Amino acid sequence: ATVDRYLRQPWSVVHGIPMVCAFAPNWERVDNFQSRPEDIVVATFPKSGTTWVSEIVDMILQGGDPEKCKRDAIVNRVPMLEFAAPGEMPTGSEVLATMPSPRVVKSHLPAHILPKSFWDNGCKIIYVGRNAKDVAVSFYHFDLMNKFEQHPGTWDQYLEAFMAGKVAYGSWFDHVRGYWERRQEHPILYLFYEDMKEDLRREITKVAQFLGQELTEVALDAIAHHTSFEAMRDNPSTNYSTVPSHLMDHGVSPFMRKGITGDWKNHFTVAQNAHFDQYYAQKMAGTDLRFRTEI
């Protein structure tokens, strides 16, 4: 009830970044967040594989036992750092304060406004990038169904907001590039959603090594089996079907939507794809960071 007035409102702004309206008040809780050096941060631009990687990290920390991961929804097992629902739930930061190490922290903040404490404590960051076209489709449908978001209107107007960085958490170009560069000064494992669709066990292995964990071949196969898109769409612990429909309208668009690489071809018009590609080449000039739009 109290949170209703924050739902479906236009973006606020925190440190020059568009922010979910409900998340923006009381932002000192984020700026002053107290990290621990053993914290694992799962950082992504929205709709780039946060839930996927979070479940993989949790599974690795439980020794590859999928039963352990069903003790709670992924939204509670891996709290989102900046999440808040004023008057309805405790913030993500308050939940994380009461969580035993090793904490898994999910966040969508760009690198330059991720809380300083994370950088000073050298916390291991697992970043996931996804090609901007699939992200924009996924983010558009997410906004149609997630009532925390300002309504996206039509797809063509949303896409224009997306390319301009006028969506929640700002420019995708600055986001993916910010963490790609910050790895020169911080332990960052930079993953690619498309690499995970192509070869999931290979990417789980890289996450396990980064976390200093050793997996038997059985544990690895068990983690690959339960972190398929099909395993996670039907798992109530990962598919967000436990979120009340008042906050996430699962009928409009399910959270576990398509889970593929290349869905952008079913939504980008011929003209949209031409304009997006020129702007993308302009905006992604001068970086060695490369994304794949098909595999």
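Don't overthink the numbering: it's just position in the shown sequence, from 1.
Mean CA B-factor: is it higher for 74 to 82 or for 152 to 160?
Averaging CA B-factors over each stretch, the winner is 74 to 82.
I need to verify one thing: averaged over C-alpha atoms only, is the B-factor higher for 210 to 218 or for 112 to 120?
Taking the mean C-alpha B-factor of 210 to 218 and of 112 to 120, the larger value falls to 210 to 218.
Which listed residue, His226, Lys265, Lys47, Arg29, has the largest C-alpha temperature factor in the record?
It is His226.
Ranked by Cα temperature factor within the chain, is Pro90 in the lowest third, the middle third or the highest third?
As the PDB entry reports it, the C-alpha B-factor of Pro90 lands in the highest third of its chain.
Would you mind checking where the Cα B-factor of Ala1 ranks among the modelled residues of its chain, as the lowest, middle or highest third?
It falls in the top third of the chain.
Lowest, middle or highest third: where is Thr98 by C-alpha B factor in its chain?
It belongs to the highest third of the chain when residues are ordered by C-alpha B-factor.
Taking only the Cα B-factors deposited for this chain, tell me whether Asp134 sits in the lowest, middle or highest third.
Its C-alpha B-factor belongs to the lowest third of this chain's values.
Modelled-residue ranking by C-alpha temperature factor, third containing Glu203:
Within its chain, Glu203 is a middle-third residue by C-alpha B-factor, going by the deposited values.
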